[PDB]
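A quick write-up on the structure given underneath.
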Amino acid sequence: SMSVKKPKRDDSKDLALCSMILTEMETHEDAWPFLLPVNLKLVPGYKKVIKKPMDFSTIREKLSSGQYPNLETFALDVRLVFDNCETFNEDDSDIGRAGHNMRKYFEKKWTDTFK
């Protein structure tokens, strides 16, 4: 509360560490469905169904341009990428399986880097 603060967690490396995690996600062999925005002209249904599209390139641009206020807003956009994927793709599809693999990969790196 006013003039009463928990001890200050060092967040000065968060930008660099989120960038490294994002690089590792970008270079994973199952990243290919997620590298670029889904083409809304060419994929029927996507525009209407997925209210907030997100992809790695879009996260990378937001990161590079100071559009994440903190590391939690960054994790929310990464998770959004996988949540959208599950909303639109069957579990038993190449893309569906890619999304589950990448989420697992991300969550481990997140825990190991920050928890």
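Residue numbering restarts at 1 in every chain; chains get A, B, ... in the order shown in the structure tokens, and ligands count up from 1 in that same order.
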Contact table stretch 2-69 of chain A vs stretch 84-107 of chain A, cut-off 10 Å, shortest pair per residue, only C-alpha atoms, as CSV:
residue,atom,partner,partner_atom,distance
A:21,CA,A:106,CA,7.7
A:22,CA,A:106,CA,8.8
A:24,CA,A:106,CA,8.9
A:25,CA,A:106,CA,7.2
A:28,CA,A:102,CA,8.1
A:29,CA,A:98,CA,9.1
A:30,CA,A:98,CA,5.3
A:31,CA,A:102,CA,7.2
A:32,CA,A:98,CA,8.5
A:33,CA,A:95,CA,6.4
A:34,CA,A:99,CA,8.5
A:45,CA,A:88,CA,8.9
A:46,CA,A:88,CA,7.8
A:49,CA,A:88,CA,8.1
A:50,CA,A:84,CA,6.5
A:51,CA,A:84,CA,8.8
A:52,CA,A:84,CA,8.1
A:53,CA,A:84,CA,7.1
A:54,CA,A:84,CA,7.9
A:55,CA,A:84,CA,9.7
Notebook entry, point to check: Pick the closest to residue A:68 from A:35, A:43, A:80, A:18: which is it, counting only C-alpha atoms?
Noted result: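 Counting only C-alpha atoms, the residue closest to residue A:68 is A:18.
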Restrict the calculation to only C-alpha atoms, then for each residue of stretch 49-99 of chain A with any atom at most 12 Å from an atom of stretch 7-16 of chain A give the closest atom pair and their distance in Å to one decimal, rows by chain and rising residue number, as JSON lines.
{"residue": "A:60", "atom": "CA", "partner": "A:15", "partner_atom": "CA", "distance": 11.3}
{"residue": "A:62", "atom": "CA", "partner": "A:15", "partner_atom": "CA", "distance": 11.4}
{"residue": "A:63", "atom": "CA", "partner": "A:15", "partner_atom": "CA", "distance": 7.7}
{"residue": "A:64", "atom": "CA", "partner": "A:15", "partner_atom": "CA", "distance": 9.0}
{"residue": "A:65", "atom": "CA", "partner": "A:15", "partner_atom": "CA", "distance": 11.0}
{"residue": "A:66", "atom": "CA", "partner": "A:15", "partner_atom": "CA", "distance": 9.2}
{"residue": "A:67", "atom": "CA", "partner": "A:15", "partner_atom": "CA", "distance": 11.1}
{"residue": "A:68", "atom": "CA", "partner": "A:15", "partner_atom": "CA", "distance": 9.0}
{"residue": "A:69", "atom": "CA", "partner": "A:15", "partner_atom": "CA", "distance": 10.0}
{"residue": "A:70", "atom": "CA", "partner": "A:14", "partner_atom": "CA", "distance": 8.0}
{"residue": "A:71", "atom": "CA", "partner": "A:14", "partner_atom": "CA", "distance": 6.5}
{"residue": "A:72", "atom": "CA", "partner": "A:14", "partner_atom": "CA", "distance": 10.2}
{"residue": "A:73", "atom": "CA", "partner": "A:15", "partner_atom": "CA", "distance": 11.8}
{"residue": "A:74", "atom": "CA", "partner": "A:15", "partner_atom": "CA", "distance": 9.6}
{"residue": "A:75", "atom": "CA", "partner": "A:14", "partner_atom": "CA", "distance": 11.6}
Pull C-alpha atoms from the residues just selected and write them as a compact mmCIF listing (two decimals), in the first residue's frame.
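Contents of selection_36.txt, freshly written:
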# COMPACT_ATOMS: atom_id res chain seq x y z
CA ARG A 60 8.91 -9.94 -32.02
CA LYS A 62 5.96 -5.65 -30.15
CA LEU A 63 9.01 -6.71 -28.09
CA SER A 64 11.51 -4.71 -30.14
CA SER A 65 9.39 -1.54 -30.02
CA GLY A 66 8.54 -1.42 -26.23
CA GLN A 67 4.99 -2.51 -26.50
CA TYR A 68 5.26 -5.05 -23.60
CA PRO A 69 4.98 -3.25 -20.24
CA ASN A 70 6.22 -6.27 -18.33
CA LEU A 71 7.19 -9.97 -18.78
CA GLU A 72 3.57 -11.15 -18.00
CA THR A 73 2.05 -9.26 -20.94
CA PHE A 74 4.72 -11.00 -23.09
CA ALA A 75 3.72 -14.50 -21.79
Checklist line | Coordinates-based distance that separates atom CA of residue A:61 from atom CA of residue A:48 (Å, one decimal) | finding: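 Distance reported for this atom pair: 24.1 Å.
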Next item on the list: Choose the residue, out of A:19, A:58, A:113, A:3, that has the smallest atom-to-atom separation from residue A:36; count only C-alpha atoms.
Entry: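 Closest to residue A:36, using only C-alpha atoms: A:58.
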Checklist line | atom CA of residue A:78 to atom CA of residue A:56, distance in Å rounded to a single decimal | finding: 7.6 Å
Next item on the list: List every residue of chain A that DSSP, applied to the backbone of this structure, places in helix (DSSP H, G or I), and write the result as a PyMOL selection string.
Entry: chain A and resi 14-27+46-49+56-64+71-88+94-114
Next item on the list: Just give me the gap between atom CA of residue A:110 and atom CA of residue A:37 in Å, one decimal is fine.
Entry: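 Interatomic distance here is 23.1 Å.
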